[PDB]
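In what follows, a structure is listed as structure tokens, so that the remarks can point back to it.
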Amino acid sequence: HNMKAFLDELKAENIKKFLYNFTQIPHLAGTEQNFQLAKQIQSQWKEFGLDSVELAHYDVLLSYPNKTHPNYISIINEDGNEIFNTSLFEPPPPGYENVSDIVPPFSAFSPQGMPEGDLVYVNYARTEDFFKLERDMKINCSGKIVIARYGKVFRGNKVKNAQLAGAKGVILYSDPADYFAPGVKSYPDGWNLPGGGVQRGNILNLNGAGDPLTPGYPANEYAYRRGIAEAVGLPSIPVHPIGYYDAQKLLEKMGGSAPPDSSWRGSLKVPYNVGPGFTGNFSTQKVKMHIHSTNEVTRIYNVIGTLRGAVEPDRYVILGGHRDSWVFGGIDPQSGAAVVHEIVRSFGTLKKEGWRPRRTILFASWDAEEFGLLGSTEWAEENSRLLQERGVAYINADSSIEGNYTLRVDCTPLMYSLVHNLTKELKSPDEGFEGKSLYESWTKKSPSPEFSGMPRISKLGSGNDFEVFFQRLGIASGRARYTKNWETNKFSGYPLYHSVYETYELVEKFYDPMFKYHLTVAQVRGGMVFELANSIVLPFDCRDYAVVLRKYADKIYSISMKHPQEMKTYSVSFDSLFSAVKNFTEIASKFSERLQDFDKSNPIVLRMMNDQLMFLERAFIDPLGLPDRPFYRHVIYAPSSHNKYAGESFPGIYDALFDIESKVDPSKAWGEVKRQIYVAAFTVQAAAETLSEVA
Amino acid sequence: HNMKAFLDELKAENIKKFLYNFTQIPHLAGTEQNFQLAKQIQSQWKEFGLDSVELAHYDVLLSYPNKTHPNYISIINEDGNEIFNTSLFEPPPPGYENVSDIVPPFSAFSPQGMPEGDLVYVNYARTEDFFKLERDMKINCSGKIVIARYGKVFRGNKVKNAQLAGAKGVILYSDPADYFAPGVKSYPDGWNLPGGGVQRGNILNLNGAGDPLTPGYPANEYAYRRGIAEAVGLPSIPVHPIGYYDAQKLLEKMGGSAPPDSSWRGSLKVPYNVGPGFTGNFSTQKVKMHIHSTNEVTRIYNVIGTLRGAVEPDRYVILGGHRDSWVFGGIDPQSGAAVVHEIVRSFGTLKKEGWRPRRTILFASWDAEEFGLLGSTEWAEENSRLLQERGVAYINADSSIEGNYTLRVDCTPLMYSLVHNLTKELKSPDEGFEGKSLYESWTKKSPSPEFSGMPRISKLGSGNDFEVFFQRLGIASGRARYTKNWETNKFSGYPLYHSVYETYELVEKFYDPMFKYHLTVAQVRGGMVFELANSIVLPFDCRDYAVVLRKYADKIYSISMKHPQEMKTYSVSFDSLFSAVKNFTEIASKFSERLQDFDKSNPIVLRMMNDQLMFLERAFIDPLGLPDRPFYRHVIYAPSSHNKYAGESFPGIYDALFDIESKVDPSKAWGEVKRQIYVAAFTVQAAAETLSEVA
Amino acid sequence: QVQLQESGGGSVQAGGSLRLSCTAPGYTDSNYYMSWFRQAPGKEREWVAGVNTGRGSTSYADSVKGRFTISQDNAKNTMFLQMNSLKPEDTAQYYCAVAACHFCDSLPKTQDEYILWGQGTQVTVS
Amino acid sequence: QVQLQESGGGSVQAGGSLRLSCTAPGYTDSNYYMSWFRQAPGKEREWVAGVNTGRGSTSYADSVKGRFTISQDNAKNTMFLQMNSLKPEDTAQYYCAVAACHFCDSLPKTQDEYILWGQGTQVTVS
Amino acid sequence: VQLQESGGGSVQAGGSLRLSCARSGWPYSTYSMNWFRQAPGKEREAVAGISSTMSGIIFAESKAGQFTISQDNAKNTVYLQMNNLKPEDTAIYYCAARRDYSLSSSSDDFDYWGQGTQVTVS
Amino acid sequence: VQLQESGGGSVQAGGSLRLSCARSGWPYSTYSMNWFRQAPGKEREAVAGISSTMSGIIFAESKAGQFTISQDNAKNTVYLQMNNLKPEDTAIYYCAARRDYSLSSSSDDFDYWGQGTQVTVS
Ligand SMILES: [Ca+2]
Ligand SMILES: [Ca+2]
Ligand SMILES: [Cl-]
Ligand SMILES: [Zn+2]
Ligand SMILES: [Zn+2]
Ligand SMILES: [Zn+2]
Ligand SMILES: [Zn+2]
């Protein structure tokens, strides 16, 4: 029909019912319940009217804690007896005691072992934290179990740095000062973190590889899995998370060096000391870890529903989010899963009406994402040849809600204007602002640093299922979710993240009573997909790209200007980069002027220009790829090798520039910097020529 | 106007005049004469009518012999005095004496040095002859200058194997047995090799890298050239070619082990012994080489003429061949250069009439090709983003004549039918067959082994400018030239190859006198280009591919069946590969059935199917690429690491299977074989799905 | 690394005048955003003033407007901040920051974007 | 490697009969191109016969046609070439080769295509 | 709610007497049962405590191998195995229960108290 | 075609005589001249030869340091330089010319013959 006929079709009650349904039982990846859920999703997508729903299957490596032998942590005395024991399982939430598929807390792909030794607090386990610990604090981190707090860093980088420091074991706990909002009760009284709440995640440095046994190729039936030794991203150290109750019972006994600064402290009633061992009369006893998990090849199932386009069937707009969850997963991904299911239902109703999009739409209930990107990467690897020449954009969908302040949107520059132009038509769900556009509230509470009247749109970054679609194949990606008042709190993400208490009741009462915020997130994502799949001209704007590009240029210039003298001694010049961005700007302006008045009635020229716009993003990836990271190919937004959480652009130059002070031979390091500048300038100029006049 | 108007417009007299023009002075790459020729070609193409002619310049590494210090080979006694000296310059051809731009005989990229030591004859310097040298002949090649005869192997592999054996110096000479046709006089009274004639070539194992200092990126003005230590493909041993007169004066004195085989011999009056040193009273004497050549960064120029398309300007059909030559080079490439210029002139006349191609045509007088593919690879690297998403096919053009028997054509299977279909319309230029199609003569004298009525079409292999366009970007490549009686002659290539005697008079009197075979080769290449540029639907045939595919499957199967027992112990199975080929066959049959009746009046569906056909070839390259050879990406026709001359398909499996018997770990090697089989099967299936129904 | 040479400020009674001085070595021929931030005992850093060398513009806060004007020195790598009509609540400390820019499209007003930081001190007695 | 076990041939007067054998170990369950090549004293090889295990088709040389027939052996990895009415130009030494095939689209007639080679011999007197 | 205890005895030394306590009518899903050891004339000190999620810790760490703590929810009982009796072990062992599963060693927090089975040692 | 031999002398020993022979009237571009040393009562053996391509080989390898051979096309002559003259070197020398540039030591092949210069050594 049209835009409004799609936006108004979305019902909050239907999202409520779907979220209730998907959260009554666990749906952990590679399990019978997840397989049943995948079959149900396929069936429902089928009678909704979807053109063709297939069930892709891949035998991918996964990890599970064995049922007979539980995993935990024990404080073992000198004699050998066990004194303190970590909770073998999180306390069950009210109303879900009968369910017996609650997998105990654990970190995926944690190798087996029974490490024993002393404990050292490592703050957030950041690279700077270790830099403190040996540069000034002077502690032998090698051969000692470490205890780390969640936040500010992905778990994979944390365990990577732990391995680099020689740690024998890593214990993960969430400090309440990082995961407890003041003035809010804990579940089931509130939405804070109960003492038994444990966050669960994957310790994997896949770097976009995907399946740790088939890097670059799908794990088909006739595939050749590598040996476990030649796996990619697999940690060589046992890790398993705990709560903050048992952490406090464990952290209190430790004694030694006082925490170096205020940030090395937390809300727990602990000295928060950094020194190894349990200083006191109980110095003999030490931590012992008890992981007995297993890594096995299990068949994962991705439900791919293709709804064929009417005008350009080749052009695929992909909207997909994962469905696996450690426990019921009420707020992630089953909130996003219900959002996706509602968009699928609305699109199927529109298909029943008779409407057909101008581009084929690829919905995809992915799998095994909590175990690394696994499923999405494998499905992309299998269909890389088709997507690299036919994909248009990939709209991700996961964890629609994390609070009630505004709408946080991370998207590529090409859809920037669209992200604005869509939000003007919508209605704000927040407190106040009745009858005002969602855009106005978004600007009011989250204003862009440059323009007061513009909202702030953060960069795409890494994580989630857009990684392989954006950072390897170079397909425009976007993501939107309702977000908290990040300016006035500390907790990164909601306290009840990847824990047992992520039930449906939590999302219902403590986050979204009327499920209106879910409704608006669904409106935003479905509207972005609809505008991508029902636009005569691709809703991209090169100009903004050029604009924002200049910024990071200055940024990547400015950090280099932290060493002016060096750039004079080695003749390091960014003038190639600056000239390339100036080209990009002028040529993008000319391209926009051309497309503002080019004839749209002609189909072949319109297809030509849409190909130009679509391949503009694909003009940025380099087939050689980033050093040591072949599957990270983007040169503007690919994750960096250091400070991947921060997300600094021009990753090659940044890693070249990162820690440039401490290099044995500055000549070779600065030569590598010049090489990265040359590569970046060449890529920008190549994209500009891709936007230049043809023949 | 049409096909016939372009075909008849081609004139043998104009090709005659152009070949006269380009062959009066040397046009070595990176010299003022070559720059003047490039400017002349650019101006001629501009005044013919070409839409836009550019002079794309690149500062690329090249090699030249210094004028003050000439390069030669000598025989030195014990006292140090020099006994015999090699010709400092081959005799000037009659009619060309005042010209002083003729460079002395040398091999490009040969490092400096003055090696001294004994000499060992290694036959054609193949891997097999070295294998004889150590396993059965018990000769330690390491530490001794080596002498090799040309033929059966590219010079790069010769010097590579010489380095592996440990040679201190490499000497190249042409043996009359393989370079002197019986019953034919020598120049200037015949087309055989005079004793002063020396063949010239570049010793580079580039593996498609291109510029040895900027692999993967164009050598722009702001580029960052890598150090000479980190260059790719540079030999570490001095090499300089000689004739057979001087070689005989040196070969005769050597004495030792007798030749083990009859193939270890030639027409020269030599014992052809393999043993090191010179037997008898002159044992003290030894060979000493005198290369003083220099490698410097010189600016090369590629004359690119773009003629804009009328319907699909994005789609580029590229037709280009090199223009550099060691000496006048009346047969390589000026014979092909004149052909290319005549096609350009005819196309310009057609454009002057008003005709417009349906696809943009890119003519390109390349440069520095005799120094490795340098210029073509750099221009491809510069415009890789444009070509790999917009290019259609690359029709190479070089050395149109090598003997008047038939028409040898090497092309990708996609246009196999085209090569047939075009050849039937043309007329035979050969002896006899007046008024009969070139197809009939080609079949009669070069019949396909399978079908008697079909002609024989070989594969692309490696070498020349089609390498970067086919083996890296996955763009269809074709070649056609007149060829000799390889059935009844032994000399690989015409005897006067890459020497001073490659003048215009040679090509006139001792080769095509009326320049009619040149006319028909130009007809064939221009017709292939015109069909590729002015066909409403891309003139490719998937089925033939599928057909021929099965063939190589059996081939790559058969080699593995040389070890049946091993294939059972490690469960090595090609059933995945066989199922992939069977899939490809059925899906290609269905696609061709759809293509036979799909509506052509709709430009959108026509563009869809043309994209399917065009990217079918591009569905074969893998972004990871072949092992240790990232720029060789084709998994079907890319040259192998071993036996690159032979050109066996499925290079990954063949290199995995090559010398599989002598492996330290048979399990690991056979696992690598299984991995290659899995990769090949996945790639074939991916191409089939690329040809499968969309949405 | 290079460290900014910041100076200026001091213990001055309310209603008087003062001046801040920060120098960025090696920035003699490059445009930059030189900005002045303030943090108070018990409070956070707040934006006071900023300059844009690329466009040569200047920006101040609402209350700082009229009160405080940026100044400059003949050497392009050194810029000043003259002070006047000091009021007692401005007892806090300041910091100078520079962010090298070539296009200099916009002036950053948050402490995150700036890279090089100094250390300043001043007392505003009643 | 595996080497073909071939036998047959012998000193037989002209106009008689004979039979040539060749066995391909490990080829019991795979289709294969089994063919025979003859090289004359002081001359090159020539094609005389061949079989296509994949399709069962058989082809012979024009002079060989009407003279020489292939006999299949009970073991699938072995086949025979019975001989009859030997003409003194069939004094040369034959050679048997196998080319493993799965699709087995066409029987090859050039010595380059075949991979595994044997050593057969026979002499014919007038 | 009755937290009934058992296991009284008067073993002279080196006994294996083991104390059992069950919660009847327990109204909360989560529990934190521990022991207190009232010595003659001394305040009751927490001995060992186990929560509803198998998270346990003995507070008499000097009596590490002396006492072991466990429980089973099949019959809703908690289990204190004692070995190597000493004459000073003569004390009145009480049990303590509470909803919040944090393992605490403070008497005032724990307001559900059992009979307090006495173990005598000679 | 005329090939004059110059460089007569009667050095007893240790001479530095400079033999020269030029192609006056030579009409072919390629030349392959050598020297023959006719000894008293002995057949003229080839001494050393040089082609038009600067490719030269001495044939009296036992006299490697004894004889050196050079040429220059500025004045169109070829040169033989001898040091440390020996008494047995007394002989009559001819310069021999031939169009084909293959260096050879055959007397009958070398059709052109000069008058010859006699070097007498005491
Ligand atoms: Ca994979
Ligand atoms: Ca390059
Ligand atoms: Cl998301
Ligand atoms: Zn997690
Ligand atoms: Zn998620
Ligand atoms: Zn060459
Ligand atoms: Zn060539």
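Residue numbers start at 1 in each chain; chains themselves are named A, B, ... in the order of the structure tokens; ligands are numbered from 1 in the order shown.
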Helix (DSSP H, G or I) call set, DSSP backbone run, stretch 511-567 of chain B, as a count of residues only
41
Using only C-alpha atoms and all ligand atoms, find each protein or nucleic acid residue lying at most 6 Å from ligand 1; present the set as a list in words.
residues 210, 211, 214, 215, 216, 217, 218, 219 and 378 of chain A
Can you write out the residues you just picked, keeping N, CA and C atoms, as a PDB file, in the first residue's frame?
ATOM      1  N   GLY A 210      33.944 -15.754  12.241  1.00  0.00           N
ATOM      2  CA  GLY A 210      32.725 -16.529  12.353  1.00  0.00           C
ATOM      3  C   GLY A 210      32.937 -17.861  13.041  1.00  0.00           C
ATOM      4  N   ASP A 211      32.651 -18.953  12.340  1.00  0.00           N
ATOM      5  CA  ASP A 211      32.901 -20.280  12.873  1.00  0.00           C
ATOM      6  C   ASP A 211      34.402 -20.469  13.087  1.00  0.00           C
ATOM      7  N   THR A 214      35.804 -23.009  10.273  1.00  0.00           N
ATOM      8  CA  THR A 214      35.695 -22.798   8.828  1.00  0.00           C
ATOM      9  C   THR A 214      35.801 -21.308   8.520  1.00  0.00           C
ATOM     10  N   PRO A 215      36.983 -20.716   8.691  1.00  0.00           N
ATOM     11  CA  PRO A 215      37.134 -19.277   8.424  1.00  0.00           C
ATOM     12  C   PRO A 215      37.096 -18.997   6.929  1.00  0.00           C
ATOM     13  N   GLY A 216      36.120 -18.195   6.509  1.00  0.00           N
ATOM     14  CA  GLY A 216      36.001 -17.783   5.128  1.00  0.00           C
ATOM     15  C   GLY A 216      35.097 -18.639   4.270  1.00  0.00           C
ATOM     16  N   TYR A 217      34.697 -19.819   4.744  1.00  0.00           N
ATOM     17  CA  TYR A 217      33.832 -20.708   3.987  1.00  0.00           C
ATOM     18  C   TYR A 217      32.736 -21.247   4.895  1.00  0.00           C
ATOM     19  N   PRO A 218      31.534 -21.466   4.363  1.00  0.00           N
ATOM     20  CA  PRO A 218      30.442 -21.978   5.197  1.00  0.00           C
ATOM     21  C   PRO A 218      30.724 -23.391   5.683  1.00  0.00           C
ATOM     22  N   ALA A 219      30.191 -23.705   6.863  1.00  0.00           N
ATOM     23  CA  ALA A 219      30.335 -25.036   7.450  1.00  0.00           C
ATOM     24  C   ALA A 219      29.232 -25.949   6.913  1.00  0.00           C
ATOM     25  N   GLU A 378      28.277 -17.448   8.801  1.00  0.00           N
ATOM     26  CA  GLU A 378      28.239 -18.626   7.938  1.00  0.00           C
ATOM     27  C   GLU A 378      27.258 -18.440   6.790  1.00  0.00           C
TER      28      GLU A 378
END
Can you work out which one of B:336, B:449, B:65, B:276 has the shortest atom-to-atom distance to ligand 7, counting only C-alpha atoms and all ligand atoms?
B:336
From atom CA of residue B:93 to atom CA of residue F:74 the spacing works out at 20.2 Å
Determine, for each residue of chain A having at least one atom at most 7 Å from an atom of chain C, the closest pair of atoms and their separation in Å to one decimal, counting only C-alpha atoms; order by chain and ascending number, as CSV.
residue,atom,partner,partner_atom,distance
A:450,CA,C:106,CA,6.4
A:550,CA,C:103,CA,6.8
A:554,CA,C:101,CA,4.9
A:557,CA,C:100,CA,6.9
A:558,CA,C:100,CA,4.5
A:559,CA,C:115,CA,6.8
A:561,CA,C:100,CA,6.6
A:562,CA,C:1,CA,6.0
A:563,CA,C:1,CA,5.5
A:564,CA,C:26,CA,5.7
A:565,CA,C:26,CA,6.9
Those residues with N, CA, C and O atoms, as an mmCIF file, in the first residue's frame please?
data_model
loop_
_atom_site.group_PDB
_atom_site.id
_atom_site.type_symbol
_atom_site.label_atom_id
_atom_site.label_comp_id
_atom_site.auth_asym_id
_atom_site.auth_seq_id
_atom_site.Cartn_x
_atom_site.Cartn_y
_atom_site.Cartn_z
ATOM 1 N N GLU A 450 27.686 19.063 16.891
ATOM 2 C CA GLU A 450 27.911 20.096 15.885
ATOM 3 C C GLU A 450 26.739 21.072 15.818
ATOM 4 O O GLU A 450 26.903 22.274 16.053
ATOM 5 N N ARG A 550 35.550 14.288 6.508
ATOM 6 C CA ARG A 550 36.514 15.329 6.848
ATOM 7 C C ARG A 550 36.807 15.321 8.339
ATOM 8 O O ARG A 550 37.975 15.327 8.752
ATOM 9 N N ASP A 554 40.520 15.084 10.207
ATOM 10 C CA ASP A 554 41.069 15.934 11.253
ATOM 11 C C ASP A 554 41.367 15.113 12.498
ATOM 12 O O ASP A 554 42.462 15.198 13.067
ATOM 13 N N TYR A 557 44.192 13.097 11.899
ATOM 14 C CA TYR A 557 45.304 14.033 11.830
ATOM 15 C C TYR A 557 45.705 14.482 13.231
ATOM 16 O O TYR A 557 46.889 14.451 13.591
ATOM 17 N N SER A 558 44.714 14.835 14.054
ATOM 18 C CA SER A 558 44.996 15.466 15.340
ATOM 19 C C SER A 558 45.813 14.550 16.240
ATOM 20 O O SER A 558 46.807 14.977 16.840
ATOM 21 N N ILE A 559 45.418 13.279 16.329
ATOM 22 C CA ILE A 559 46.165 12.330 17.148
ATOM 23 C C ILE A 559 47.601 12.220 16.655
ATOM 24 O O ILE A 559 48.543 12.145 17.456
ATOM 25 N N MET A 561 49.228 14.605 15.246
ATOM 26 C CA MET A 561 49.840 15.838 15.717
ATOM 27 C C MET A 561 50.177 15.803 17.200
ATOM 28 O O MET A 561 50.742 16.778 17.707
ATOM 29 N N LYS A 562 49.845 14.721 17.909
ATOM 30 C CA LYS A 562 50.392 14.530 19.245
ATOM 31 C C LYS A 562 51.899 14.310 19.205
ATOM 32 O O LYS A 562 52.563 14.446 20.239
ATOM 33 N N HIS A 563 52.449 13.980 18.037
ATOM 34 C CA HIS A 563 53.894 13.899 17.820
ATOM 35 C C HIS A 563 54.236 14.737 16.597
ATOM 36 O O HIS A 563 54.462 14.197 15.506
ATOM 37 N N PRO A 564 54.281 16.064 16.739
ATOM 38 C CA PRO A 564 54.606 16.916 15.585
ATOM 39 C C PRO A 564 56.023 16.696 15.080
ATOM 40 O O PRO A 564 56.231 16.458 13.884
ATOM 41 N N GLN A 565 56.994 16.745 15.996
ATOM 42 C CA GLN A 565 58.400 16.637 15.620
ATOM 43 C C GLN A 565 58.656 15.385 14.793
ATOM 44 O O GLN A 565 59.335 15.435 13.759
#
Chain F least-squares fitted onto chain E over all paired C-alpha atoms, as a compact mmCIF listing (two decimals) with C-alpha atoms, in the first residue's frame:
# COMPACT_ATOMS: atom_id res chain seq x y z
CA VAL F 1 7.99 -21.84 59.62
CA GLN F 2 9.57 -24.47 61.87
CA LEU F 3 13.28 -25.38 62.03
CA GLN F 4 13.92 -28.54 64.03
CA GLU F 5 17.47 -29.41 65.12
CA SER F 6 18.42 -33.08 65.31
CA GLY F 7 21.61 -35.00 65.92
CA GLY F 8 22.12 -35.09 69.67
CA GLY F 9 25.09 -36.96 71.05
CA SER F 10 27.63 -37.28 73.84
CA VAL F 11 30.75 -38.42 71.98
CA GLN F 12 33.93 -37.96 74.01
CA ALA F 13 36.13 -37.38 70.93
CA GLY F 14 36.48 -38.35 67.29
CA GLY F 15 32.75 -38.19 66.62
CA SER F 16 30.87 -38.42 63.35
CA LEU F 17 27.66 -36.71 64.45
CA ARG F 18 25.28 -35.73 61.64
CA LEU F 19 23.35 -32.56 62.40
CA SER F 20 20.26 -31.84 60.28
CA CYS F 21 17.82 -28.95 60.03
CA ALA F 22 14.87 -28.74 57.64
CA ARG F 23 12.57 -25.96 56.46
CA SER F 24 9.10 -27.10 57.40
CA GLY F 25 6.61 -24.36 56.58
CA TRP F 26 9.15 -22.16 54.79
CA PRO F 27 7.21 -20.10 52.18
CA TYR F 28 10.05 -18.30 50.33
CA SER F 29 11.85 -19.83 47.36
CA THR F 30 15.23 -18.39 48.39
CA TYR F 31 16.78 -19.53 51.68
CA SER F 32 20.18 -18.82 53.22
CA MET F 33 20.45 -21.02 56.30
CA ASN F 34 23.51 -21.28 58.51
CA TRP F 35 24.47 -22.74 61.89
CA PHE F 36 25.24 -20.91 65.14
CA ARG F 37 27.33 -22.52 67.89
CA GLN F 38 26.36 -20.97 71.23
CA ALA F 39 29.14 -21.83 73.67
CA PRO F 40 28.53 -21.88 77.44
CA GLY F 41 28.61 -18.23 78.48
CA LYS F 42 29.58 -17.00 75.00
CA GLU F 43 27.67 -15.38 72.16
CA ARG F 44 26.50 -17.71 69.39
CA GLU F 45 28.98 -17.48 66.52
CA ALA F 46 28.00 -18.51 63.00
CA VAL F 47 29.61 -21.79 61.95
CA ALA F 48 28.80 -22.41 58.28
CA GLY F 49 26.07 -21.36 55.87
CA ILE F 50 24.50 -22.43 52.58
CA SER F 51 22.08 -20.57 50.32
CA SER F 52 19.34 -21.85 48.04
CA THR F 53 21.86 -21.59 45.17
CA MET F 54 24.28 -24.21 46.61
CA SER F 55 26.60 -21.29 47.35
CA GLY F 56 27.99 -22.05 50.80
CA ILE F 57 30.78 -20.73 52.98
CA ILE F 58 32.05 -21.98 56.32
CA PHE F 59 32.85 -19.22 58.81
CA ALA F 60 34.93 -21.28 61.25
CA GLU F 61 37.83 -21.48 58.79
CA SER F 62 40.08 -22.59 61.66
CA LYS F 63 37.77 -25.63 61.66
CA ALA F 64 37.94 -26.26 57.91
CA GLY F 65 38.43 -30.01 58.18
CA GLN F 66 36.45 -30.07 61.42
CA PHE F 67 33.12 -29.17 59.76
CA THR F 68 31.57 -29.81 56.35
CA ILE F 69 28.22 -28.45 55.20
CA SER F 70 25.76 -29.85 52.66
CA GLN F 71 22.08 -29.79 51.74
CA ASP F 72 19.40 -31.62 49.77
CA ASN F 73 16.04 -30.31 48.58
CA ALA F 74 14.62 -33.80 47.98
CA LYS F 75 13.64 -34.05 51.65
CA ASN F 76 14.22 -30.29 52.19
CA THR F 77 17.02 -30.38 54.75
CA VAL F 78 20.55 -29.06 55.30
CA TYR F 79 23.31 -31.12 56.89
CA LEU F 80 26.39 -30.48 59.01
CA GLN F 81 28.95 -33.31 59.11
CA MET F 82 31.66 -33.28 61.77
CA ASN F 83 34.65 -35.58 62.20
CA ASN F 84 37.27 -35.69 64.97
CA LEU F 85 35.15 -34.13 67.70
CA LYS F 86 37.02 -31.94 70.19
CA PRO F 87 36.20 -31.45 73.90
CA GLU F 88 35.82 -27.68 73.47
CA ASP F 89 33.12 -28.28 70.83
CA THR F 90 30.55 -28.81 73.62
CA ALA F 91 27.91 -26.22 72.71
CA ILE F 92 24.28 -25.73 71.71
CA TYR F 93 23.71 -25.35 67.96
CA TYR F 94 20.83 -23.58 66.21
CA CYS F 95 20.02 -23.53 62.51
CA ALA F 96 19.10 -20.04 61.34
CA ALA F 97 17.09 -19.18 58.24
CA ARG F 98 16.50 -16.07 56.13
CA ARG F 99 14.91 -15.33 52.76
CA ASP F 100 17.68 -13.23 51.22
CA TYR F 101 20.32 -15.61 49.93
CA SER F 102 23.37 -13.46 50.73
CA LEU F 103 25.45 -15.61 53.08
CA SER F 104 26.08 -13.69 56.30
CA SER F 105 27.28 -14.25 59.86
CA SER F 106 25.08 -11.67 61.62
CA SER F 107 22.97 -12.95 64.52
CA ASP F 108 20.41 -10.12 64.40
CA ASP F 109 19.94 -10.55 60.64
CA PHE F 110 18.92 -14.20 61.07
CA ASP F 111 15.41 -13.70 62.42
CA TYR F 112 14.31 -17.35 62.34
CA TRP F 113 15.86 -19.52 65.05
CA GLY F 114 15.40 -23.21 65.77
CA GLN F 115 15.15 -24.91 69.14
CA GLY F 116 18.74 -26.15 68.88
CA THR F 117 20.57 -29.42 69.51
CA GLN F 118 23.17 -29.54 72.29
CA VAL F 119 26.36 -31.47 71.51
CA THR F 120 28.21 -32.42 74.70
CA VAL F 121 31.83 -33.52 74.25
CA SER F 122 33.96 -35.19 76.91
For stretch 459-476 of chain B: contacts at 9 Å, only C-alpha atoms, fewer than 5 positions along chain excluded, given as JSON, numbers by chain
{"B": [154, 208, 209, 210, 320, 321, 322, 366, 369, 370, 372, 373, 376, 377, 380, 381, 384, 387, 388, 391, 392, 393, 394, 395, 396, 397, 398, 409, 410, 411, 412, 413, 414, 415, 614, 615, 617, 618, 619, 620, 621, 625, 630, 631, 632, 633, 634, 635, 637, 638, 639, 644, 645, 646, 647, 648]}
What's the 12 Å shell around residue A:250, counting only C-alpha atoms, without same-chain residues fewer than 4 positions away, as number ranges by chain?
A: 73-76, 83-86, 118-121, 147, 171, 173, 242-246, 254-255, 268-272, 277-278, 285-288; E: 55-57, 103
All strand (DSSP E or B) residues (DSSP, backbone) inside chain D, as an NGL selection string
:D and (5-8 or 12-13 or 17-23 or 32-39 or 45-52 or 58-60 or 69-72 or 78-84 or 93-100 or 116-117 or 124-125)
State, in Å with one decimal place, the distance from atom CA of residue B:252 to atom CA of residue B:494.
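Taking atom CA of residue B:252 as the start and atom CA of residue B:494 as the end point, the length is 25.9 Å.
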